[PDB]
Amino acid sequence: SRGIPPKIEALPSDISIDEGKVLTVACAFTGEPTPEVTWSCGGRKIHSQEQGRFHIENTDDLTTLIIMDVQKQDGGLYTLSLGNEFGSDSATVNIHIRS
């Protein structure tokens, strides 16, 4: 049984969403043991909450980030980071909000 460092698969470099609408971004990964997923923006962890507009759903090889009723303040560079006992990986997507 071999450990596998985390590896993020393809992630869009830039995405757009109109203000007020819902945005979903899904990204696959590999890693053994299953990596811990962290989404961040402005160097700060995004916390998934039942109430609130930000939701994160993580499985063994997928993360989905949902931002509901998107606001101008949500725009910016988002980082997806993965960690496990054998390494780390990160990628970014730049989210553009249209008025």
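Start at 1 and count along the sequence shown; that's the residue number. Superpose the two forms; the largest set of C-alphas matching within 1.5 Å is the rigid core.
Novice: After fitting on the rigid core, pick out whichever of 33-41 or 46-54 shows the bigger RMS C-alpha deviation in 6 other deposited structures of this protein.
Specialist: Of 33-41 and 46-54, the stretch deviating more in 6 other deposited structures of this protein is 46-54.
Novice: Sorting the chain's CA B-factors, does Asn94 end up in the lowest, middle or highest third?
Specialist: Tercile = middle for this residue's CA B-factor.
Novice: In terms of the CA temperature factor given in the entry, to which third of its chain does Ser88 belong: lowest, middle or highest?
Specialist: Ranked within chain, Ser88 CA B lands in the middle tercile.
Novice: Compared with the other modelled residues in the chain, in which third is the CA B-factor of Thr59?
Specialist: It belongs to the highest third of the chain when residues are ordered by C-alpha B-factor.
Novice: Can you work out whether the C-alpha temperature factor of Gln71 puts it in the lowest, middle or highest third of the chain?
Specialist: According to the entry, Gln71 has a C-alpha B-factor in the chain's lowest third.
Novice: Could you look up the Cα B-factor of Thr34 in the entry and say which third of the chain it sits in: lowest, middle or highest?
Specialist: Middle third.
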